[PDB]
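Coordinate analysis (summary)
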Amino acid sequence: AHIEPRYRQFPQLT
Amino acid sequence: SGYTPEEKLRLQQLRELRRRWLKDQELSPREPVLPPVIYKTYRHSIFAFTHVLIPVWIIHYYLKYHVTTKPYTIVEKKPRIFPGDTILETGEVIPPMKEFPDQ
Amino acid sequence: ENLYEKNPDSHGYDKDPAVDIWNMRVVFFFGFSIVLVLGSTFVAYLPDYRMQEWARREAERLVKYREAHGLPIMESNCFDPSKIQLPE
Amino acid sequence: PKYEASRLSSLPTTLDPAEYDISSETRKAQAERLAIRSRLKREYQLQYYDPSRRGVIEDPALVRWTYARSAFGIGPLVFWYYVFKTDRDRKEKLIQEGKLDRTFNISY
Amino acid sequence: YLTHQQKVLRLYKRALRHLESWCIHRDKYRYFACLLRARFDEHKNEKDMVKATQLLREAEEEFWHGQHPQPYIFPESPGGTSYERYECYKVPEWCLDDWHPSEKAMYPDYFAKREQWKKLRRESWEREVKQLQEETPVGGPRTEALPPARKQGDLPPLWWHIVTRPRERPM
Amino acid sequence: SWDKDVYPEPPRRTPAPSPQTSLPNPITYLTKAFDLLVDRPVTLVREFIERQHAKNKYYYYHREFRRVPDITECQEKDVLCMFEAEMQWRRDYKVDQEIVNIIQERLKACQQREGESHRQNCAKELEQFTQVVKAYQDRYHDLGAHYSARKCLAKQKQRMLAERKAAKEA
Amino acid sequence: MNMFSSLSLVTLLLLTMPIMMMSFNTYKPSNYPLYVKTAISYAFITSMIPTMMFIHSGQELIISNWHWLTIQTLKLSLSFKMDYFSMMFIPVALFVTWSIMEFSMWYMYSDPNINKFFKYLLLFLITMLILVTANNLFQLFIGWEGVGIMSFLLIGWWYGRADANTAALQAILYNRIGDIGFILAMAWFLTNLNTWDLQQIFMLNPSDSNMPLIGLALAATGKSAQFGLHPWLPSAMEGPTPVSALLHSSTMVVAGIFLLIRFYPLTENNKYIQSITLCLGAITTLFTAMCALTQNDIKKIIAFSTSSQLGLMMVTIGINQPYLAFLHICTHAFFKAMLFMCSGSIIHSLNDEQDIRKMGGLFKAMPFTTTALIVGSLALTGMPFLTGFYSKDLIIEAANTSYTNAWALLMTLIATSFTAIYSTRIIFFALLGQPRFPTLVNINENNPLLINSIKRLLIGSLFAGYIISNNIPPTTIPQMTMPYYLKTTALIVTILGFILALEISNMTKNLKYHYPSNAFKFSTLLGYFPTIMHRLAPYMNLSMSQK
Amino acid sequence: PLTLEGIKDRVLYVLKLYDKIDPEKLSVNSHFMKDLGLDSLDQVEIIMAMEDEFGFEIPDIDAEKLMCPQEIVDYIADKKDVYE
Amino acid sequence: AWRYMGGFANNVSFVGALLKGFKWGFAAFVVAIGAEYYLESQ
Amino acid sequence: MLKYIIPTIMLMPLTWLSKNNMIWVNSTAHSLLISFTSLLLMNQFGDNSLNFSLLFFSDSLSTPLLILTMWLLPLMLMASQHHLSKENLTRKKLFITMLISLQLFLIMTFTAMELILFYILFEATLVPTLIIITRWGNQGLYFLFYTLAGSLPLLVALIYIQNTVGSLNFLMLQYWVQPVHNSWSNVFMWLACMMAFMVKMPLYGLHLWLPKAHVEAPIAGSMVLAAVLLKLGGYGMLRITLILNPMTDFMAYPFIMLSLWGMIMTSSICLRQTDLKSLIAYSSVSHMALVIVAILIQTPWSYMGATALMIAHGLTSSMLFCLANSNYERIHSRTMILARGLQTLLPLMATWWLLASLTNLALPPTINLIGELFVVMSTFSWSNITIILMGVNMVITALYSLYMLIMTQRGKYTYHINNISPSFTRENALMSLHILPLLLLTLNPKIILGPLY
Amino acid sequence: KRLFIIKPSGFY
């Protein structure tokens, strides 16, 4: 999984 | 409005069994025990040959020697003829239109 | 009773595994191999079922002949009126 | 604005005056209804959970339903008879005077 | 069937959810949600139970006028867009008994553990049935509540179809 | 391959290409690929097959039914004569169906062939279709599922009497 | 001719091969969905060659290869009409399906019946191409009813869910009511003409064509979800998102319009039928655009958007512009399919949340889905020079300057403004504002299957309308002279719609209580037609059936 | 993919953002009414906040009985088939 | 409060959403019409 | 026909002289061989029928019914051998003998050249049928009414016709038929010639014996009853209408109204049926009402449609009874709502349910659709208004066909039913032997279009 | 983690 989920935060982008 | 001690206890006992049951659904490392650009071009080449070339050979053979050998099976809309055109079959030249008014 | 309990390989035809296998074979061979495959081929090659292909050839012969002689393709009268005698 | 129920739109349970007017008699009726349902639930569960049971748990309520269920008139026939007879009389009359258009009609 | 308290709390939740559907934006919902709480806090200590019931009845009539025609529904809640979506994928566990032995032999460890559960089920059944008999008043149960296991080694009566129920995402 | 008189086609007139561009026409390069990759191997396979058919040449024939007396010449209840007249009438009925089919196919081919100018250029085919459909309708329409030469003859006589009556009226 | 005809048929045969090889013949379950996607990809290329030949010289063919049955004076043959409409639609349908299949490889990845899903999608496509290439009514009926059955199987994909089964049966019910008109047309043509072949129908060119065309209009009403038989299309959202993308773009819904386009040689001369189709289209486009203004389910908004666009196509039929109606079919397929895939991208990233009230704040979180959604919305609203402008803008000019029903013209212009409002609604509540979704953030769109499938449709929604409109031969005389207030009406009413929508969407952020008007409730509950009709008629029929 | 610890952390997290609770008396065993002195109206809002947190509905009949954070964790873990 | 902070804190307006990519699209357009008008002189 | 009669008779010695455990293998294998040879009857000519002898003949109408009849016997044997497994050997052999004797009467009934010979065999088919349904069934007024209002009047009319015309040979009647003139006595001759066939179709208003019969009958009884026995009424009417013209012009009106209205009524009833076998039985009444209409308006297109409908219905309706029987053999109940969501437990058998349902609602280009379409076209010429009734029936038929599929196959499975064992090879083979020939007939429909083709 | 998927027998 390239993108780990985030809690209450803006997501990770490529 | 909470659980009674009886209700609390039954849920705890069912919870313990349910979690053990769910853990037992995990597969062991050996399961299932089964019985005994070049690549990108090969699939496209094999797929093109088996799914385009072979069908088109079959279809072209079918149309040329069985369908077009019967009357009115493949009917063309006749080609459009415009002034100035030359007809291959007869060599006839189609005269140009008149001269237009200035516009 | 569940036929699978004693014969997990059962085809559903019989409790006896040997008879069960033979019942499956005759149904599949005579049913599919013979009747459906050979019957379908037989039907596919019936000799001009009900004369439809002959009628087409015959119509071409008549159309060609009648148009070559300026005769009507078809006439409203099925029978020649000279043979008919009206009443009154 | 007051809610107005209909055959296909039942009155909401929260707007039903009865659901707030509760009495010992009404509670007693509810308790009796729960006792009937609990007895049936226990009877069903003792069969449903039985390890050695394989088959269908026959429900007499379902059996009673299908047995009872498996146990205008000519007006439509008269009406259609006159629609088709009237239509076929008109069409037949036109055909006999040559008015009806059947120029290319050769399939029937 | 429901106490007066349970009806006041069920209206409170339902009113808040429909308010959420109107407001949409979280700051707007937070403002109006606090006003709604202040309305429930105005008559919290109403003693006269005739007055309290009248307050609840009017509250429910006001709710019906003000409800959203298309309230938000959680996707897997009844009437949601994912409700019963995965029911076609839930296969009962008894179906495994009918697998061909060649199918069973691909999962030896799993089907060995499955025998242990089946054994545990068989050996517990008589004691579960006996427990329910000696705790059930004459005339049958009055409610559907089931008891826990009271000894050590006993399993709570009628546990099989709860413990071995299909997963919510079985595939 | 088929009788050009029964299924006529007007002479074809394809205009010679007159390219007024410099970009190559992809359809000319796809035609050469088609001829090289699709047509030629297909032609070779067919030529092999036709060679085998040449080695073993045998014939089949178009059945010719001699004419037999019509139902008008049959005595009442004479089944032996009625049988042959009836069977002949059924053969003619089936042939007339295929005559209408031929004329319908002429009409349909003309419509597609003439394109946007079909309303004017298919007048002859439409006229011939209109006449044959009329003649077929006169012979066979309204006879019913239990049609026969007898019922066809009765229909003809009803029409003939009406025409005779209309001739007197004029 | 030999290459034109061979390639036309190999396009269809190529698509049946993955179905044929499902019978254990080197069938690789490994990646059957990829195999089916590749077949669509190659079918698109082979279908481009006949299309190019038609673009060049206007070459057109009828292939009647197989003689199936002769009923006295009625020959039935398997016959294919490779004409204008077939040559342009087939490449467009295959291009869109190619993207939807690649999207589905990512969207339906976890489904345990992924292979059966792609088989059904492929069957859906085959039955639709049978429909559009059919040269006789019986062959058309095969495709007509084939797409209906595949809709039932795909709408009810999640067959354990009672609402999925109800929606699937609803689609069959409404479509079969339209099929009454279809068989009415078949019966009339056989009896009055002597044919089911399109060539002989147009050659005889009957004048008293009221009955057959009413039947055809009824069939179009059900299949293209026009007013009266419309509720089934929004309910079809029960199906997985890829089904809606294919159902609403290049299959099913446009078959009703396509049927009327094929019979334009008859409707050209029937002003009574033109009036009926005009009025039916106008009420449909206005009514469904109104319903979309208050929907909260992102798939329902796009479903009502399709019905509104289908109504515009029906209007174009009623003003005697069958070729503009066809162009809208082709252009609409590109961006309507893209919008559904963008919605599925959002739905997937929010764990199957479909209510726009729980979205928001996605503009930066999903940059590629955002770009496609804005591009798709602008194409739909007729943004100059995007794919939608090359059909919608012409349709409005043609309607504005036609001898036409004035009320129908007005209802159509209002619906154009409504298109801007419910388009603004999706963008505002989905992309803008603040996140209103749960706290565990799983937003992720970095899947090559997702990006590539959407990307090809994004390119289509930019240039397809321009490319297509500059290659098709002219078959009418376009109206290009008109006053400035008729030339720019579509642009103005679309801009006013955006201005009006932004004002209303910005009012929702105010700290003021909100009460429902009768009009709001009317829009939210779809004008009450499903509620009254789907309870009354089932009750009346079922209650009399038992007794 | 939820885990028992992951659920427990998030349940307590949401309670630590509730102003009516002191995040020093808060443990997994704290009783909302006996230990934290909250109302039944407060408990309804706590359950609504859990429904928002995890994105699924807890029916009113079951909701009334969840009176400590551990009971909430157990309910969510049981619903989602979490076993470790 | 997480909904209004750090990453979600600022979102574009509706107009700002519409004009995404306008700056680079317009810069390319100016180059293209410059490149085309130059060839007109040639 | 002796090449078919005699081998069929030899099935009886074969069954009785077979080894104890081979009775199902021998009878099924050899009845399939007879079915194979039945394809030789497709030597049909454009003008003449195939006239074997003074007693038997075969035209394009009886040939497809003969082939359907001979195909059904092996299928009925497979459907029966599971629920007759516990029966003793002699009762097994007696059941098989009843099926063989029913085939013997049927093939002669469809080929009898003389109408009184047809009548005698036409009534003999009831002896094995009633024995089968009663002796192996699950659990008076109609026998009395049917004979009083059907069988007996038909016998008197046929005997009367022979005295007047001098013959009842069907070939002779084609050349000596005289018109039927209006008269009260001819009105009773018309009714006497048709009521026995209308009861057997059945005609709406005379149909309530059929749901009752199907509920009591074993699977083999339902298969032959639905596939062939109903079609004796259709076949009889297609023949006897030759000598009833032109009186059929007005005498048909009440029966056309009953069928056109009966179509919608029985289709609607299918929506509210709680028993699968009753639902299929009412579905047959609806389908057969189309055949009655087609026969009565007697046009070339209506006769081709009627023939296709009779064949198509035979396979489809028989397949549906076999599908419902496969559920009954597990849950031992006919109630439709009892066992739900079966597609989750029996995936392949759900495919058979779908295909059977699709043919039942007449999906093109199935011969179910071809036959139905031809009748719709012919009745539209008869009166344009009929299209409304025909169209509405198409809608309701799709509703109940898919309702049956959705109720039993879709939804959630019933929790307490845990004896749903996997489908046996016997059952899957049985279903494919209905649907494969049915779908193959789409490739060459002309052989089931009857003599009007 | 890999979990067992309960299915009906597909062998037959």
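In the PDB header, cryo-EM is given as the technique by which the entry was determined, and 2.4 Å as its resolution.

Looking at the PDB entry, chain H carries the name Acyl carrier protein, mitochondrial, with the source organism given as Bos taurus. According to the UniProt record, the Subcellular location comment for chain H reads "Mitochondrion". Turning to chain H, the UniProt annotation filed under Sequence similarities states: "Belongs to the acyl carrier protein (ACP) family."

Chain C is annotated in the PDB entry as NADH dehydrogenase [ubiquinone] 1 beta subcomplex subunit 11, mitochondrial from Bos taurus. Word for word, the UniProt comment on chain C under Sequence similarities is "Belongs to the complex I NDUFB11 subunit family."

The subject of this paragraph is the overall build of chain H. Helix and strand counts for chain H come out as four helices and zero strands. Out of the 84 residues in chain H, the part that is buried amounts to 55%. The long-range fraction of contacts in chain H, counting pairs at least 24 apart against all pairs at least 6 apart in sequence, stands at 54%. As presented, chain H carries roughly 3,700 Å² of accessible surface, and 50% of it is formed by carbon and sulfur atoms. Taking the average location of the 9 positive side-chain charges in chain H and that of its 21 negative ones, the two points are 2 Å from each other.

This part takes up the interface of chain J and chain G. Counting from both sides, the interface comprises 46 residues of chain J and, opposite them, 38 residues of chain G. Of the roughly 3,800 Å² buried between chain J and chain G, counting both surfaces, carbon and sulfur atoms make up 76%. Three residues stand out in chain J for area buried against chain G, namely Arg272, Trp301 and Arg410 of chain J, and they jointly supply 16% of the buried area on that side. Inspection of the region where chain J meets chain G yields zero salt bridges. Where chain J meets chain G, there are eight residue pairs in polar contact. Elements represented by at least two residues in the side of chain J that touches chain G include exactly α12 (248–271), α14 (300–331), α15 (342–345), α16 (347–360), α17 (367–382) and α18 (386–409) of chain J. Counting residues per element, the side of chain J that touches chain G draws most heavily on α18 of chain J, at 11 residues. In the side of chain J that touches chain G, the residues fall into 33 nonpolar, nine polar and four charged.

Looking now at the state of the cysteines. The final tally for this structure, using the stated rule, is one disulfide over all chains. The disulfide partner of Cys110 of chain F is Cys122 of chain F, and the S-S distance across this bridge is 2.0 Å. Here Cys110 of chain F and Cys122 of chain F share a disulfide; its torsion about the S-S bond, -105 degrees, makes the bridge left-handed. With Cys110 of chain F in helix α2 (residues 79–114) and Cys122 of chain F in the loop between α3 (118–121) and α4 (123–140), this residue pair connects regions lying 12 residues apart in the sequence. Take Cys110 of chain F and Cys122 of chain F: they sit in the same class, and that class is buried. Looking at the unpaired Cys88 of chain E, the closest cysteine sulfur is the one in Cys95 of chain E, lying at 14 Å. Unpaired in terms of disulfides, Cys291 of chain G finds its nearest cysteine sulfur in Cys279 of chain G, a separation of 19 Å.

This paragraph deals with the sheet that holds strand β1 (residues 74–76) of chain B. Strands sit in the order β1(B)-β1(G)-β2(G) across an open sheet of three strands; the sheet is antiparallel. The sheet is open, and its two borders are formed by β1 of chain B together with β2 (74–82) of chain G, each paired with just one other strand. Across this sheet, the average inter-strand angle for adjacent strands is 30 degrees, counted without regard to direction. Alignment of strand β1 (residues 61–71) of chain G against β2 of chain G, held across nine bridges, turns out to be antiparallel. In the strand pairing of β2 of chain G, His67 of chain G is matched with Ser77 of chain G. Sitting on the sheet, α2 of chain F touches β1 of chain B together with β1 and β2 of chain G, and the angle it makes with β1 of chain B is about 40 degrees.

Okay, the nonpolar core next. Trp89 of chain F, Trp196 and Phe263 of chain G together with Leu296 and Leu449 of chain J are the most contacted members of the largest nonpolar core, which totals 490 residues. The dominant element in this core, judged by the number of residues it contributes, is helix α3 (residues 84–107) of chain G, at 18 residues. Those residues within four positions of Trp196 of chain G in sequence are excluded, and the remaining contacts are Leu74, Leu76, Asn135, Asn136, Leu137, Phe138, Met186, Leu190 and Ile201 of chain G together with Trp301, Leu373 and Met377 of chain J. Judged by nonpolar contacts, the second largest core, of 26 residues, contains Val11, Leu12, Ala63 and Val73 of chain H.

All names here are of chain J. By the secondary structure assignment, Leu342 is in helix α15. Considered as a pair, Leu342 and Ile311 are 31 residues apart in the sequence and their alpha carbons are 29 Å apart. Residues in contact with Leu342, not counting those within four places in the same chain, are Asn327, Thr408, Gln409 and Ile420.

Helices that pack against each other are described as a pair by the angle of their axes relative to one another and the distance between those axes. In contact at an axis separation of 10 Å, helix α2 (residues 38–67) of chain B and helix α1 (residues 26–55) of chain F are set at 60 degrees when each is read in the N-to-C sense. As the angle between them shows, α2 of chain B and α1 of chain F are arranged oblique. Where α2 of chain B crosses over α1 of chain F, the handedness of that crossing is right-handed. Across the interface between the two elements, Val56, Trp57, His60, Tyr61, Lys64 and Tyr65 of chain B of α2 of chain B pack against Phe34, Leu37, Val38, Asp39, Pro41, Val42, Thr43, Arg46 and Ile49 of chain F of α1 of chain F. Taken together, the residues of the contact of α2 of chain B with α1 of chain F sort by class into 10 nonpolar, two polar and three charged.

The next thing to look at is the pattern of salt bridges. This structure, assessed with the given rule, holds 72 salt bridges over all chains. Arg150 of chain E is the salt-bridge partner of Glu6 of chain B, the closest N and O atoms lying 2.7 Å from each other. In this pair, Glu6 of chain B sits in helix α1 (residues 5–23) while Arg150 of chain E sits in the loop between α5 (108–135) and α6 (160–163), so the two residues belong to two different chains. The exposure class assigned to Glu6 of chain B is partly exposed, which follows from its relative accessible area of 39%. A salt bridge links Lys64 of chain C to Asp5 of chain F; the shortest N-O distance between them is 2.8 Å. Separated into two different chains, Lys64 of chain C in helix α3 (residues 52–68) and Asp5 of chain F in the segment before α1 make up a pair that spans both.

Sites flagged by UniProt as "transmembrane region" map to residues 26–46 of chain C. From the first C-alpha to the last, residues 26–46 of chain C spans 27 Å; its make-up is 90% helix and 0% strand.

This paragraph deals with the interface of chain E and chain J. Counting residues at the interface gives 10 residues for chain E and 10 residues for chain J. Regarding the contact of chain E and chain J, the summed buried area is about 750 Å², with carbon and sulfur atoms giving 65% of it. If you sort the residues of chain E by the area they bury against chain J, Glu87, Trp94 and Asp98 of chain E come out on top, with a joint share of 59%. Here chain E and chain J share one salt bridge between them. Here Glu87 of chain E and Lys412 of chain J are joined by a salt bridge, their closest N and O atoms 3.0 Å apart.

Our next topic: the arrangement of the chains. Spatially, chain B and chain D are disjoint, and the shortest separation between their C-alpha atoms is 15 Å. For chain B and chain J, which are not in contact, the least C-alpha distance works out to 18 Å.

Parameters and conventions
Residues numbered from 1 in each chain as written, not as in the entry; some residues may be left out. Chains lettered and ligands numbered in written order. Part of a larger assembly, values for the part shown. Heavy atoms only, no water. Residues with missing side-chain atoms left out of burial classes, pairs and counts. UniProt positions renumbered as here; feature names shortened; annotations may be inferred. Helix = DSSP H or I, 4+ residues; strand = E, 2+ residues; numbered from the N terminus. Buried < 20%, exposed > 50% of the residue type's maximum accessible area, 1.4 Å probe, protein only. Contact = heavy atoms within 4.5 Å. Areas by Shrake-Rupley, 256 points an atom, 1.4 Å probe, with all protein chains shown as cover. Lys, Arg positive; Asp, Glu negative; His and termini not counted. Charge placed at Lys NZ, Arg CZ, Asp CG, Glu CD. Buried area = accessible area lost by both parts, 1.4 Å probe. Salt bridge = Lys/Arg side-chain N within 4 Å of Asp/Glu carboxyl O. Polar contact = N/O pair within 3.5 Å; in protein donor to acceptor, adjacent residues only side chain to side chain. Nonpolar A, V, L, I, M, F, W, Y, C, P; charged D, E, K, R; others polar. Disulfide = S-S within 2.5 Å. Pairing = 2+ DSSP bridges. Axes fitted to C-alpha atoms, helices over the stretch in contact; angles between N-to-C directions. Core = buried A, V, L, I, M, F, W, Y, C linked by side-chain atoms within 4.5 Å. Parallel < 35°, antiparallel > 145°, perpendicular 65-115°, else oblique. Left-handed = near helix turned anticlockwise from the far one by under 90°.

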